Undergrad: 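I have a structure I would like to understand better, so I am pasting it below and will then ask my questions one at a time.
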Amino acid sequence: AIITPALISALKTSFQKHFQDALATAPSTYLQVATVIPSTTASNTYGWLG
Amino acid sequence: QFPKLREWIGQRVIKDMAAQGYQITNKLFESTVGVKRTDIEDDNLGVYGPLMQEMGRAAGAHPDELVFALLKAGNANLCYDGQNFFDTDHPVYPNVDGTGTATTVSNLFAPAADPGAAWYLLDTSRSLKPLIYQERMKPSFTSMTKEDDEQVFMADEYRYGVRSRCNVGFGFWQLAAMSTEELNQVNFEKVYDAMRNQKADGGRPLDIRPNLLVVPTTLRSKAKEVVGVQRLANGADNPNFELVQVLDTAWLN
Amino acid sequence: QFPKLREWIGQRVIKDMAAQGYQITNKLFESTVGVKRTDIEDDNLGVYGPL
Amino acid sequence: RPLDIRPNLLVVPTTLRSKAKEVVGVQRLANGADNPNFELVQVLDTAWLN
């Protein structure tokens, strides 16, 4: 019956992870407005003919 | 959340994470009704012993009362961060955010918008113990011999209402919900866009998708014109038609 | 209806229930028509008869 | 606890029959708008009223 309130009153709990990943983040969208051009050096120079 | 990407200048700034916790304890509940032996045993009409089924349906209806009372009192009870679930001062890293709008002029009934799509819903409930009942219908009972009789019928239940993120929910805008304009569209699209414009700890959008609109029976007509009418008063479209599904409940206000 | 649930603090609070009653008594009505024997018993065209 | 009440019948005399049908019975209000009160309550027209 009688017991310190720092052992039983502390350990009478059940940890659950329902709250984990409850919310999300905005989906990727840069694909719809940009192309992917891989690079192999410090910079990329572009040139086109008129 | 992991710290945001930074431009590499000099050394690195080693940052820290932020773990959060929510604690909530079970509560004890009971409803008990006492009658007399002579009353029931002299009841030849038979309109005095639906007590069993009345008590059963009361036990069944208790969770509705708990959850919707918590929804009502969301402006008073606190969420995990430290403020009220519906408060104007929800804290972000340096910033302050509000999820409750008032007018100080006309604030009568509050509609609620709940993005229930997420894995964790709003105003959750916890069920530690199912319902259990007991009677006093034998001679050997202490109550049966305490007076003429005390034929008590009671319920035992361990429950308590819970809540969740107090930024995914916007459930107090008592300004108005229906008019020719600026109440039908403004104060509803305002809630929708404010919830879709939330910012997480770190500087990332929350990606909120409001889908449920909860209103009392008195504001159902306003809610239905806001969502559920295809045309407009001038013959045009309602841009908010079929935007969110509305639910009418009588457990609030 | 059964009383609502109450938080457990110390002792069970024995509650009371109620029953209601309604009553109404029947009433007697009438409609009466008076006709003359010679008026209808001499009716040869059948004007009277749907009475 | 809340009471479940579901109105389903509107009772009017003959003189108010046109008003009742206009309130419930017409799908377009003024400019092609949609009547929010269309097909929710069935109107009853009886001459035993006023």
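Throughout, protein chains are lettered first and strands after them, A, B, ... in sequence-line order, and every chain is numbered starting at 1. Only this structure's heavy atoms are used, side chains among them; waters, hydrogens and symmetry mates stay out.
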Undergrad: Applying side-chain contact (heavy atoms from CB on, under 4.5 Å) between D/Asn35 and each of D/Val26, D/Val24, D/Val23, report the one that passes.
TA: D/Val26

Undergrad: Are the side chains of D/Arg1 and C/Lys4 in contact, using a 4.5 Å heavy-atom criterion?
TA: yes

Undergrad: Quick one: are B/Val35 and B/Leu51 in side-chain contact, heavy atoms under 4.5 Å?
TA: yes

Undergrad: Main chain of B/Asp87, side chain of B/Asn84: is a donor-acceptor contact present, judged purely on distance under 3.5 Å?
TA: no

Undergrad: Can you tell me if B/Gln174 uses its side chain to pair, donor with acceptor, with the backbone of B/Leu108 under 3.5 Å?
TA: yes

Undergrad: For C/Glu7 and B/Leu28, run side chain to side chain contact (heavy atoms under 4.5 Å, CB included): C-alpha distance rounded to whole Å, both residues' side-chain angles, the deciding distance at 0.1 Å, then the answer.
TA: CA-CA 6 Å; C/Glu7 200 195 348; B/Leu28 281 72; 5.9 Å; no

Undergrad: Identify, with sequence neighbours excluded, every residue that meets side chain to side chain contact (heavy atoms under 4.5 Å, CB included) alongside B/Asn234.
TA: B/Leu232, B/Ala236

Undergrad: B/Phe86 vs B/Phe172 aromatic rings, parallel, tilted or perpendicular, using cut-offs 30° and 60°?
TA: perpendicular

Undergrad: Got a salt bridge between B/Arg209 and B/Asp207, using NZ or NE/NH1/NH2 to carboxylate O under 4.0 Å?
TA: no

Undergrad: Search all heavy atoms of B/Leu183 against all heavy atoms of B/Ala176 and return the closest pair with its distance.
TA: CD1-CB, 3.3 Å

Undergrad: For B/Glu150 and B/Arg136, run salt bridge (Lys or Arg N to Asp or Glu O under 4.0 Å): C-alpha distance rounded to whole Å, both residues' side-chain angles, the deciding distance at 0.1 Å, then the answer.
TA: CA-CA 8 Å; B/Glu150 190 179 0; B/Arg136 282 87 172 90; over 6 Å; no

Undergrad: Do side-chain atoms of B/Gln198 reach the backbone of B/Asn167 as a donor and acceptor pair under 3.5 angstrom?
TA: yes

Undergrad: B/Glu41 side chain to B/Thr38 main-chain N or O, any donor-acceptor pair under 3.5 Å?
TA: yes

Undergrad: Mind checking the CE-CD spacing from C/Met17 to C/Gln1? Nearest 0.5 Å is all I need.
TA: 8.5 Å

Undergrad: Just do the side chain to side chain contact (heavy atoms under 4.5 Å, CB included) check on B/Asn77 and B/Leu70 with the steps written out, would you?
TA: CA-CA 8 Å; B/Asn77 303 51; B/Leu70 189 63; 3.8 Å; yes

Undergrad: Rounded to the nearest 0.5 Å, what separates atom CG in B/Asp39 from atom CZ in B/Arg37?
TA: 12.5 Å

Undergrad: Examine B/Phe153 together with B/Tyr133 and report whether their ring centres are nearer than 6.0 Å.
TA: no

Undergrad: So does B/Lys129 pair up with B/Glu157, basic N to acidic O under 4.0 Å?
TA: no

Undergrad: Check whether the side chains of B/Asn187 and B/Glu182 place a donor and an acceptor atom closer than 3.5 Å, and report yes or no.
TA: no

Undergrad: Does one side chain, of C/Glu30 or C/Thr32, offer a donor that lies under 3.5 Å from an acceptor on the other?
TA: yes

Undergrad: To check you understand the geometry: which heavy-atom pair defines the closest contact between B/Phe188 and B/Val244, and what is its length?
TA: CZ-CG2, 3.4 Å

Undergrad: Check whether any side-chain heavy atom of B/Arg159 lies under 4.5 Å from a side-chain heavy atom of B/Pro63, and answer yes or no.
TA: yes

Undergrad: Keeping A/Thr29 on the side-chain end and A/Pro27 on the backbone end, is there a donor-acceptor pair under 3.5 Å?
TA: yes

Undergrad: If I take atom CG from residue B/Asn184 and atom OG from residue B/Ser179, how far apart are they, to the nearest 0.5 angstrom?
TA: 6.0 Å

Undergrad: Could you measure the distance from the CD1 atom of A/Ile8 to the CD1 atom of A/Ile2? Nearest 0.5 Å is fine.
TA: 12.0 Å

Undergrad: Consider only side-chain N and O atoms of B/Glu189 and B/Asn240, and report whether a donor and an acceptor are under 3.5 Å apart.
TA: yes

Undergrad: Give the ring-plane orientation class for B/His62 versus B/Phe29, where under 30° counts as parallel, over 60° as perpendicular and anything between as tilted.
TA: perpendicular

Undergrad: Ignoring hydrogens and angles, tell me if any N or O in the side chain of B/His90 forms a donor-acceptor pair with the backbone of B/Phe85 under 3.5 Å.
TA: yes

Undergrad: Do the side chain of B/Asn211 and the main chain of B/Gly116 share a donor and acceptor less than 3.5 angstrom apart?
TA: yes

Undergrad: Under a 4.0 Å N-O cut-off, is there an ion pair linking B/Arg57 with B/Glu54?
TA: yes

Undergrad: Strictly by modelled atom types, are B/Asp81 and B/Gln83 linked by a side-chain donor-acceptor pair under 3.5 Å?
TA: no

Undergrad: To the nearest 0.5 Å, what is the distance between CG (B/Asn107) and CG (B/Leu175)?
TA: 7.0 Å

Undergrad: If you round to the nearest 0.5 Å, how far is CZ of B/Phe109 from CZ of B/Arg220?
TA: 13.5 Å

